[PDB]
Every structure is written in structure tokens, then in C-alpha cells.
Amino acid sequence: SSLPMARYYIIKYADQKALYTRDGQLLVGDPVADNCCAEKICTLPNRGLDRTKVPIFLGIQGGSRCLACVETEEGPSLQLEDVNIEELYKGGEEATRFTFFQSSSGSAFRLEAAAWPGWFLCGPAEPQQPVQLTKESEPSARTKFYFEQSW
């Protein structure tokens, strides 16, 4: 049976900060200062969700763990889960929780939660704070990421 070919990136935030992982969290900063390397992050399209946008899954560690929304009474947050990116690619409605709409903002990219329209991936404001979701209308530096494709 055919296999998809995931795209890979190094993903940066403002001021050359990079996405990386430690202790089960997706973090942003200088990976080496936190005893890590910049994470090779992969994506695959969610083909069945909305063919008019660019829905994707976001995975770390060769796509072994993927970013998901989790609903709380204070709104959605994000966490990495033990679900691999091929399991999402071949899945169904349960994959919507792991889906983000990828769009351009000039030379940057923004990622909107498919499960929570209007909520976007947001960089941390505190050291060692995981990536956040924020409800942003007017695009800003807080939601702008830089995808540098490697595969």
C-alpha cells in the first residue's frame, strides 16, 4: 500500500528562536541552552477536512508524537500526544483535534486550530512555557512562525 511523504522543517519564531522538545512539551527558544537540538518537525495534509484551506498535522520525533488541542473550561490548550502522524493521515474525524490550518502572513506562517476556529499557535511569553493558543484577530508577531523546509 502507498505511503505518504511527510514534509520536514525547522520551525523558528521571532528573533531566531526555534521549536524544540523536552520532557514531553513543545517549547520555543534556544534549544542548545536547554540541552536540546532544534526539532525536525514534520507535517502531512489532512486531505478530507477542507480542500479550500491547508489543513495539516504537526509531528515531532519522526512523526511519532503529534500536536493536539485539548478543551478546557478556560478554552483550548495544546499538548503533544502519543499518536503518530501516519495514524492521523489514515484516520477520520478524531484527527480534527490534531489539525491546524496553515496560512501565510507575508513571509511567516500562522497555524489555526481546526477544532477551535479563531485560535492560533502562539509563542511563549515565559521561559520554558509550552507553545500556546491565542484568539487573535489582527495578525501579530506572537502568532508568526517561520518554516524552513528540509524535506
# chains A, B, ... in the order shown; residues from 1 in each chain; ligands from 1
$ select_by_dssp --residues "chain A" --states "alpha helix (DSSP H)" --output "PyMOL selection string"
chain A and resi 85-89
$ residues_around --residues "residue 112 (chain A)" --least-positions-apart "6" --cutoff "12 Å" --atoms "only C-alpha atoms" --output "mmCIF file with N, CA, C and O atoms, in the first residue's frame"
data_model
loop_
_atom_site.group_PDB
_atom_site.id
_atom_site.type_symbol
_atom_site.label_atom_id
_atom_site.label_comp_id
_atom_site.auth_asym_id
_atom_site.auth_seq_id
_atom_site.Cartn_x
_atom_site.Cartn_y
_atom_site.Cartn_z
ATOM 1 N N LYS A 53 -8.754 25.061 2.213
ATOM 2 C CA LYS A 53 -7.676 25.589 3.049
ATOM 3 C C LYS A 53 -6.461 24.654 3.021
ATOM 4 O O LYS A 53 -6.348 23.805 2.131
ATOM 5 N N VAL A 54 -5.549 24.810 3.979
ATOM 6 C CA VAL A 54 -4.363 23.957 4.052
ATOM 7 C C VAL A 54 -4.285 23.291 5.431
ATOM 8 O O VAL A 54 -3.437 23.630 6.268
ATOM 9 N N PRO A 55 -5.190 22.339 5.685
ATOM 10 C CA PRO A 55 -5.142 21.636 6.971
ATOM 11 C C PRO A 55 -3.977 20.658 7.034
ATOM 12 O O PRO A 55 -3.782 19.888 6.090
ATOM 13 N N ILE A 56 -3.225 20.692 8.131
ATOM 14 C CA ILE A 56 -2.076 19.824 8.334
ATOM 15 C C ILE A 56 -2.044 19.244 9.751
ATOM 16 O O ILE A 56 -2.679 19.764 10.688
ATOM 17 N N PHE A 57 -1.289 18.157 9.893
ATOM 18 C CA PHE A 57 -0.882 17.630 11.186
ATOM 19 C C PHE A 57 0.555 18.060 11.431
ATOM 20 O O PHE A 57 1.308 18.293 10.483
ATOM 21 N N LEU A 58 0.933 18.171 12.705
ATOM 22 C CA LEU A 58 2.278 18.589 13.117
ATOM 23 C C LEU A 58 2.881 17.536 14.041
ATOM 24 O O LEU A 58 2.352 17.276 15.127
ATOM 25 N N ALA A 68 -1.800 18.259 19.588
ATOM 26 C CA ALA A 68 -3.254 18.178 19.679
ATOM 27 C C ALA A 68 -3.829 19.303 20.509
ATOM 28 O O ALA A 68 -3.188 19.778 21.448
ATOM 29 N N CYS A 69 -5.067 19.687 20.205
ATOM 30 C CA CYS A 69 -5.819 20.578 21.081
ATOM 31 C C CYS A 69 -6.481 19.776 22.175
ATOM 32 O O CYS A 69 -6.878 18.629 21.974
ATOM 33 N N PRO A 76 -9.213 26.290 24.689
ATOM 34 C CA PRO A 76 -8.352 25.182 24.279
ATOM 35 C C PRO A 76 -6.890 25.420 24.627
ATOM 36 O O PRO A 76 -6.416 26.564 24.627
ATOM 37 N N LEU A 78 -2.838 23.166 24.202
ATOM 38 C CA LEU A 78 -2.109 22.283 23.311
ATOM 39 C C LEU A 78 -1.282 21.300 24.108
ATOM 40 O O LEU A 78 -0.765 21.626 25.184
ATOM 41 N N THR A 96 -9.388 15.608 13.616
ATOM 42 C CA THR A 96 -9.636 17.048 13.538
ATOM 43 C C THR A 96 -8.989 17.802 14.702
ATOM 44 O O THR A 96 -8.470 18.898 14.535
ATOM 45 N N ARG A 97 -8.974 17.163 15.865
ATOM 46 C CA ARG A 97 -8.353 17.699 17.077
ATOM 47 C C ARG A 97 -6.838 17.944 16.936
ATOM 48 O O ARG A 97 -6.247 18.739 17.677
ATOM 49 N N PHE A 98 -6.229 17.242 15.988
ATOM 50 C CA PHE A 98 -4.804 17.335 15.687
ATOM 51 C C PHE A 98 -4.524 18.179 14.438
ATOM 52 O O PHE A 98 -3.384 18.217 13.949
ATOM 53 N N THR A 99 -5.557 18.821 13.897
ATOM 54 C CA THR A 99 -5.420 19.518 12.616
ATOM 55 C C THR A 99 -5.294 21.029 12.790
ATOM 56 O O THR A 99 -6.029 21.638 13.573
ATOM 57 N N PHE A 100 -4.365 21.622 12.041
ATOM 58 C CA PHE A 100 -4.150 23.058 12.042
ATOM 59 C C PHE A 100 -4.160 23.572 10.614
ATOM 60 O O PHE A 100 -3.582 22.961 9.713
ATOM 61 N N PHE A 101 -4.830 24.699 10.399
ATOM 62 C CA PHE A 101 -4.838 25.325 9.088
ATOM 63 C C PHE A 101 -3.594 26.196 8.954
ATOM 64 O O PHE A 101 -3.373 27.110 9.743
ATOM 65 N N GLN A 102 -2.782 25.904 7.950
ATOM 66 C CA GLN A 102 -1.528 26.603 7.718
ATOM 67 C C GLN A 102 -1.763 27.722 6.712
ATOM 68 O O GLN A 102 -2.255 27.484 5.613
ATOM 69 N N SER A 103 -1.412 28.944 7.080
ATOM 70 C CA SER A 103 -1.572 30.075 6.172
ATOM 71 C C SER A 103 -0.358 30.983 6.216
ATOM 72 O O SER A 103 0.423 30.942 7.153
ATOM 73 N N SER A 104 -0.199 31.794 5.177
ATOM 74 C CA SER A 104 0.871 32.778 5.127
ATOM 75 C C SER A 104 0.469 34.081 5.786
ATOM 76 O O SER A 104 -0.685 34.509 5.728
ATOM 77 N N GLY A 118 -10.429 30.396 14.999
ATOM 78 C CA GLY A 118 -10.103 31.670 15.613
ATOM 79 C C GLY A 118 -8.954 31.593 16.607
ATOM 80 O O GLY A 118 -8.450 32.627 17.052
ATOM 81 N N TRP A 119 -8.530 30.377 16.942
ATOM 82 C CA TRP A 119 -7.425 30.181 17.874
ATOM 83 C C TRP A 119 -6.174 29.771 17.110
ATOM 84 O O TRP A 119 -6.225 28.857 16.280
ATOM 85 N N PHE A 120 -5.057 30.440 17.401
ATOM 86 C CA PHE A 120 -3.824 30.292 16.647
ATOM 87 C C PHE A 120 -2.662 29.909 17.547
ATOM 88 O O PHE A 120 -2.597 30.333 18.704
ATOM 89 N N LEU A 121 -1.744 29.116 17.002
ATOM 90 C CA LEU A 121 -0.476 28.826 17.659
ATOM 91 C C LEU A 121 0.217 30.127 18.059
ATOM 92 O O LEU A 121 0.282 31.069 17.266
ATOM 93 N N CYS A 122 0.732 30.177 19.284
ATOM 94 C CA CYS A 122 1.270 31.400 19.832
ATOM 95 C C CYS A 122 2.568 31.087 20.562
ATOM 96 O O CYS A 122 2.653 30.087 21.275
ATOM 97 N N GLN A 132 1.468 27.977 22.980
ATOM 98 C CA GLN A 132 0.136 28.318 23.454
ATOM 99 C C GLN A 132 -0.837 28.452 22.288
ATOM 100 O O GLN A 132 -0.440 28.441 21.125
ATOM 101 N N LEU A 133 -2.116 28.577 22.618
ATOM 102 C CA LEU A 133 -3.129 29.021 21.672
ATOM 103 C C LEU A 133 -3.634 30.385 22.109
ATOM 104 O O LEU A 133 -3.823 30.625 23.300
ATOM 105 N N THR A 134 -3.882 31.263 21.144
ATOM 106 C CA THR A 134 -4.412 32.585 21.443
ATOM 107 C C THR A 134 -5.499 32.937 20.436
ATOM 108 O O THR A 134 -5.416 32.544 19.269
ATOM 109 N N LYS A 135 -6.521 33.660 20.882
ATOM 110 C CA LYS A 135 -7.594 34.064 19.986
ATOM 111 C C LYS A 135 -7.282 35.425 19.389
ATOM 112 O O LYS A 135 -7.563 36.459 19.991
ATOM 113 N N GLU A 136 -6.704 35.417 18.196
ATOM 114 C CA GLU A 136 -6.168 36.629 17.591
ATOM 115 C C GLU A 136 -6.928 36.997 16.325
ATOM 116 O O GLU A 136 -7.135 36.158 15.447
ATOM 117 N N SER A 137 -7.343 38.257 16.243
ATOM 118 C CA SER A 137 -7.968 38.784 15.042
ATOM 119 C C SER A 137 -6.872 39.331 14.133
ATOM 120 O O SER A 137 -6.468 38.680 13.166
ATOM 121 N N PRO A 139 -3.399 39.870 12.829
ATOM 122 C CA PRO A 139 -2.160 39.081 12.927
ATOM 123 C C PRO A 139 -1.015 39.854 13.594
ATOM 124 O O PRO A 139 -0.881 41.054 13.366
ATOM 125 N N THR A 143 2.002 35.200 16.741
ATOM 126 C CA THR A 143 1.474 34.022 16.049
ATOM 127 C C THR A 143 2.233 33.685 14.759
ATOM 128 O O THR A 143 1.810 32.832 13.974
ATOM 129 N N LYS A 144 3.357 34.356 14.536
ATOM 130 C CA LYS A 144 4.111 34.172 13.301
ATOM 131 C C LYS A 144 5.275 33.207 13.483
ATOM 132 O O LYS A 144 6.156 33.427 14.322
ATOM 133 N N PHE A 145 5.276 32.145 12.687
ATOM 134 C CA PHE A 145 6.343 31.165 12.717
ATOM 135 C C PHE A 145 7.000 31.109 11.354
ATOM 136 O O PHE A 145 6.405 31.528 10.352
#
